[PDB]
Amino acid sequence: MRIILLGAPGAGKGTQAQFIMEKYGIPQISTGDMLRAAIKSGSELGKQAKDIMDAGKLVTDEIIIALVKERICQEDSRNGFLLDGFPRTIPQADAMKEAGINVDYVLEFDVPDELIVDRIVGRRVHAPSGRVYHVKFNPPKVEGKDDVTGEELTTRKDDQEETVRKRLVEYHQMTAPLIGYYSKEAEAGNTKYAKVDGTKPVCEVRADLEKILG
């Protein structure tokens, strides 16, 4: 089963990627998690990426496509995979299309800009695992601490409100057209599309996607 998650930064894609991984047993390919992993390893990728991400900009299509190609051409990607953060631009999409890769489901998380900025102030991560929490809407069971390890949570560096606002501008210019892109793909029979209300609580969003995938 091959799935793509679309939606503005903060819409809760990664939050629901976790659940979809652990309930249908397909790997999460997160471009954001891979970039943040590269910084932590201190690789060449990590060094090129850090400044771009800090500035709330998109990393070049070439680097991203190479990165995602590598991680697909690993093992256990025969049963399926879940893309989260990719594609992010039309060229990223067309590259996948031209390489002959089709997806079964394209899932869109609609959430307006207002909420997005209010959300991200409450976002907390367990940096080793990439587990994501919201202090109000999806809180850790112990304030400030990862549920699994008890390790202190941090805020992401690119989560200051200036940087967030840039990510949304980029999203509306570069990424939003992908909605049209995959609607049309769905219309031609090449995939299934579905929208959801991501403003809903995290259990109600979980529910709609059970209701959608089966």
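Numbers follow the displayed sequence, beginning with 1.
The deposited model assigns a higher average Cα B-factor to 152-160 than to the other stretch when 152-160 and 59-67 are compared. Taking the mean C-alpha B-factor of each stretch as recorded, 39-47 and 22-30 are not equal, and the higher mean is that of 22-30.
Looking only at 88, 78, 126, 134, the residue with the top Cα B factor in the deposited structure is 78. Out of 93, 142, 121, 83, the entry records its largest CA B-factor for 121. Per the PDB record, residue ranking by Cα B-factor puts residue 178 in the lowest third of the chain.
In the PDB entry, a CA B factor belonging to the highest third of its chain's modelled residues is recorded for residue 209. Looking at the C-alpha B-factors along this chain, the one for residue 188 belongs to the highest third. Among the modelled residues of the chain, residue 8 sits in the middle third by CA temperature factor in this PDB entry.
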